[PDB]
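Peer 1: Opening with a subset of the complex:
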Amino acid sequence: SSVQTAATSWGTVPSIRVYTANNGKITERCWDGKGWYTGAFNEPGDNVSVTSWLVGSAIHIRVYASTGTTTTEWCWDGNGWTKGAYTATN
Amino acid sequence: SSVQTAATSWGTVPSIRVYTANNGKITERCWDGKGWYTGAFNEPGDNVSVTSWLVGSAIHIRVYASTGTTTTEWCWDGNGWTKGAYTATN
């Protein structure tokens, strides 16, 4: 019905990422202290969750995008978004 | 049908905040080690996400509240809740 969001943040600036699932597409908005901008994340899904962790100053993000019973993990490790090994039996 | 929640926590006590979206209104329950109480956050939304970060011992919280395609950011930085600069274009 309404759009569905997930958010994560890191450091003390801070950096924030907000994922929005909207009519079966998930997009990303980004804050690194200098204003909101559109991020590179673009994947299909009706539902989104996210978690992230720092290794020093390098951010690692995992976005979990679901359509039906299939959840697909997407990984940011500094070098673009790549499909992760996550599987489930839903 | 069911209500929809988002949660964040910080420190080692810990402090926890649970946001619940219910029939278009989001409310807040709080734990700081001494029992659950109703927090000050009260905003419209059908969907809620949240993230938080520490700057030293000072907590900062961002709650993302959505109704239809409009997501509104709310900010706690120690001194009450204020509308954030987040915009999307959904």
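Peer 2: That came through fine. Numbers count the residues shown, from 1 in each chain, chains lettered A, B, ... in the order given.
Peer 1: I'd like to know how many residues surround the nearest residue to residue A:47 once chain neighbours are set aside.
Peer 2: In this structure, residue A:47 finds its nearest non-sequential neighbour in residue A:66, 4.2 Å apart by Cβ to Cβ, 6 or more residues apart in numbering or on different chains. To be clear about C-beta, it is placed using only N, CA and C from the backbone, and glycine gets the same treatment. By other Cβ atoms under 10 Å in any protein chain shown, the residues close to residue A:66 number 18.
Peer 1: ok, residue A:66 - contacts?
Peer 2: Shown in contact with residue A:66 (Cβ atoms under 8 Å, 6 or more residues apart in numbering or on different chains): A:45-48, A:72.
Peer 1: hmm, 7 Å instead?
Peer 2: Residues in contact with residue A:66 (Cβ atoms under 7 Å, 6 or more residues apart in numbering or on different chains) are A:45-47.
Peer 1: Pick the one among those residues closest to chain B.
Peer 2: Comparing these against chain B with Cβ to the nearest Cβ places residue A:47 closest, at 10.7 Å.
Peer 1: Need the contacts of residue A:66 in CSV (columns: neighbour count).
Peer 2: Below are the contacts of residue A:66 laid out as CSV (neighbours: other Cβ atoms under 10 Å in any protein chain shown):
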residue, neighbour count
A:45, 22
A:46, 15
A:47, 14
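Peer 1: Save the residues you listed as JSON lines, and put in secondary structure too.
Peer 2: JSON lines is the format used below for the contacts of residue A:66 (DSSP: H, G, I helix; E, B strand; the rest coil):
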{"residue": "A:45", "secondary structure": "coil"}
{"residue": "A:46", "secondary structure": "coil"}
{"residue": "A:47", "secondary structure": "strand"}
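Peer 1: now the residue nearest to residue A:12 when sequence neighbours are not counted, which residues is it bridged with?
Peer 2: Excluding the flanking residues, the one nearest residue A:12 by Cβ to Cβ, 6+ apart is residue B:55, at 5.1 Å. Residue B:55 forms beta bridges with residue B:58, as assigned by DSSP bridges.
Peer 1: and residue B:55, how many neighbours?
Peer 2: Count around residue B:55 with other Cβ under 10 Å applied: 13.
Peer 1: let's bring in chain C now:
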Amino acid sequence: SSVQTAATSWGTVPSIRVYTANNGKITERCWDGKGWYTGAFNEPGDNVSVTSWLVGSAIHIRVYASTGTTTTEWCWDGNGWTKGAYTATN
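Peer 2: Okay, chain C now, added to the rest:
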């Protein structure tokens, strides 16, 4: 019928937990740096959120599981999942 997910992570290995609400049941998938495996968490809910915090190297997790207007908190504190004191009046 789309599933709904929540995620948390900790440390820098990292450890990740992904909770999936699916036809009124919430299940758990786990990563601690080897493969993905099925976790012990199994509770009723149409909606799930989660937060976690470290006390030293010991993980503490709180999962908020909602069915209708009733949100139930589940606690991992290193030995097993136990019902938490969380209440709300939804």
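Peer 1: Same as before for the neighbour count of residue A:66, with chain C this time.
Peer 2: Residue A:66: 25 neighbours (other Cβ under 10 Å).
Peer 1: I'd like to know how far it sits from residue C:11.
Peer 2: Going from residue A:66 to residue C:11 by Cβ to Cβ, to the nearest Å gives 25 Å.
Peer 1: cool, residue A:15 as well?
Peer 2: Per Cβ to Cβ, residue A:15 is found 19 Å from residue C:11.
Peer 1: Between the two, which has more neighbouring residues?
Peer 2: Per other Cβ under 10 Å, whichever of residue A:15 and residue C:11 has more neighbours is residue A:15, with 17 against 13.
Peer 1: Quick check: phi and psi at the closest residue to that one other than its chain neighbours.
Peer 2: Computed as Cβ to Cβ, 6+ apart, the closest residue to residue A:15 that is not its neighbour in sequence is residue A:32, at 4.9 Å. For residue A:32, the backbone dihedrals (degrees, to the nearest 10) come out as phi -120, psi 20.
Peer 1: now residue A:22
Peer 2: The phi/psi pair for residue A:22 (degrees, to the nearest 10) reads phi -150, psi 110.
Peer 1: Give the closest residue to it in space, chain neighbours not counted.
Peer 2: Once flanking residues are discounted, residue A:22 sits nearest to residue A:3: 4.5 Å by Cβ to Cβ, 6+ apart.
Peer 1: Get me the contact residues on chain A for chain B.
Peer 2: Proximity of chain A to chain B, by Cβ under 7 Å from any Cβ of the partner chain, involves residues A:1-9, A:12, A:14, A:16, A:18, A:20, A:22, A:29, A:36.
Peer 1: Out of these, list just those in strands.
Peer 2: If you go by DSSP state E, the residues of chain A next to chain B have A:4-9, A:16, A:18, A:20, A:22, A:29, A:36 in strands.
Peer 1: Can you lay out those as TSV showing distance to residue B:88 and neighbour count?
Peer 2: Below are these laid out as TSV (distance: Cβ to Cβ, whole Å; neighbours: other Cβ atoms under 10 Å in any protein chain shown):
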residue	distance to residue B:88	neighbour count
A:4	13	24
A:5	9	28
A:6	13	27
A:7	12	25
A:8	16	22
A:9	17	21
A:16	13	23
A:18	8	26
A:20	6	24
A:22	9	20
A:29	6	24
A:36	8	17
